[PDB]
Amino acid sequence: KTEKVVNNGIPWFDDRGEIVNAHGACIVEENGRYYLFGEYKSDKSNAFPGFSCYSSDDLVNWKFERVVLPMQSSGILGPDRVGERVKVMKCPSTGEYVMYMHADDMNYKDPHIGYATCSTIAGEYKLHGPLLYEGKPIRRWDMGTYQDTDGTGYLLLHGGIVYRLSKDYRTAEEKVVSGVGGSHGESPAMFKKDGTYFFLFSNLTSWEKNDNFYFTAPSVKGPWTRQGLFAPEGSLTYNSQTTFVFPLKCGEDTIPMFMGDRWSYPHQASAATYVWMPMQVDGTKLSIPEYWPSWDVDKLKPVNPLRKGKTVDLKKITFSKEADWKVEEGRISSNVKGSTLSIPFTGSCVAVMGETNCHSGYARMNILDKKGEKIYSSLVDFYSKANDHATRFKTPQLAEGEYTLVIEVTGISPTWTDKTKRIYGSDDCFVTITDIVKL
């Protein structure tokens, strides 16, 4: 049984049983398959760890293709460089796949929009260095791409700068939009629906999430009118940062799918998650009025299959030092480093629900087998600026057997800062579990 459920904010696993690691991503459809390109993040540093590519035939069950562009031996994507927001477009006139990214140094003080090419969608791309405008590098940061209906290709940048690309997609010929609404927005994304062009941006709050906003226009060139938020106020774009908007076909119509990153600085490799949602469009009005933590991609409606399994009585799970846990009806929490919950299970899928808040930290999910040896371990981020109650983790597939799920309070409180010297993130290291469901 191939599942069709997108579970927002929880790690996903590929064919290899590995965490799907493609952040600041986009998706490109080709021959009945979807190709997800993104940053193949490391938990060790923010340094460029390569751009990954996954594919699927349903937008849910991802297969690892390869690291489509790895760290280089020198240059803008070499050692001690940052590589972010990879985007790929198929150049119509040449059939070539051209990849674009924001390359930089570790302090974000040496920005370069770069490009790479490949003759196949998921092949080994070849970096060509800076994407040149007027024969000089484009020294800018967050970027996106848009491919218009006539085949014209565009490079999108923070602030609402837009460059028309050459017919071969390898040169930035003309800056067709120099800025939108005197803005200072980042993580740009663009799409078109019913003759209306939509330009999305996030506010500058580092890895912290904020209420993203958008503009509309009758053409890519403008004029651009400010429209405000496209997701409910205070939701912080459902605790994500815009990355892309992918056209989802359903019958003779298409529905835009919003894609956002629920970053988890610093342990991004294991704990950064995704927030995808169908968007509603009525003329220049864009919205995602209701959050769906789980939704059926074929049916475009929310579902709650994770709650269909048998509940584990929280009063009966094994605690290492039960005094470390604050126990209530349907909720247990702790900030004591090292304390754990252990739950035996039969390899069948197990879902862990809980609450995220501004006082929470990372939990470490371990799966032990019969002999007691650890066969799985990853970090899950319980920090969130705004409170959330939902599934936090689902075990990867295992053959019918003899296992133990161990949930450990790591005591790692996620915090970060930026050039403004502002401190973001958590003030504590709590982990709060509300339900453990054996499917």
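Numbers for residues come from their place in the sequence shown, where the first is 1.
Practice prompt. Check the entry's C-alpha temperature factors for 393-401 and 52-60, then say which stretch has the higher mean.
Written response: The deposited B-factors put 393-401 ahead on the C-alpha mean.
Discussion item. Tell me which stretch has the larger mean Cα B-factor in this entry, 405-413 or 62-70.
Written reply: Of 62-70 and 405-413, the stretch with the higher C-alpha B-factor average is 405-413.
Practice prompt. Report the option among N239, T117, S166, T311 whose CA atom has the maximum B-factor in the deposited record.
Written response: Max CA B-factor in the entry, restricted to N239, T117, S166, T311: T311.
Worksheet item: Quick one: which of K315, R139, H102, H267 has the biggest Cα B-factor according to the entry?
Response: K315 has the highest C-alpha B-factor of those listed.
Worksheet entry | Cα B factor band for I375 (lowest, middle or highest third within the chain) | Tercile = highest for this residue's CA B-factor.
Discussion item. How does the C-alpha B factor of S183 compare with the rest of the chain: lowest, middle or highest third?
Written reply: Tercile = highest for this residue's CA B-factor.
Fill in: Relative C-alpha B-factor of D43, binned into the chain's lowest, middle or highest third
Highest third.
Discussion item. Based on the deposited C-alpha B factors for this chain, I'd like to know if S384 is in the lowest, middle or highest third.
Written reply: For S384, whose C-alpha B-factor we compare with every modelled residue in the chain, the answer is the lowest third.
Item to complete: Name the third of the chain's ranked CA B-factors that contains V162, choosing lowest, middle or highest.
Response: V162: CA B-factor falls in the middle third of its chain.
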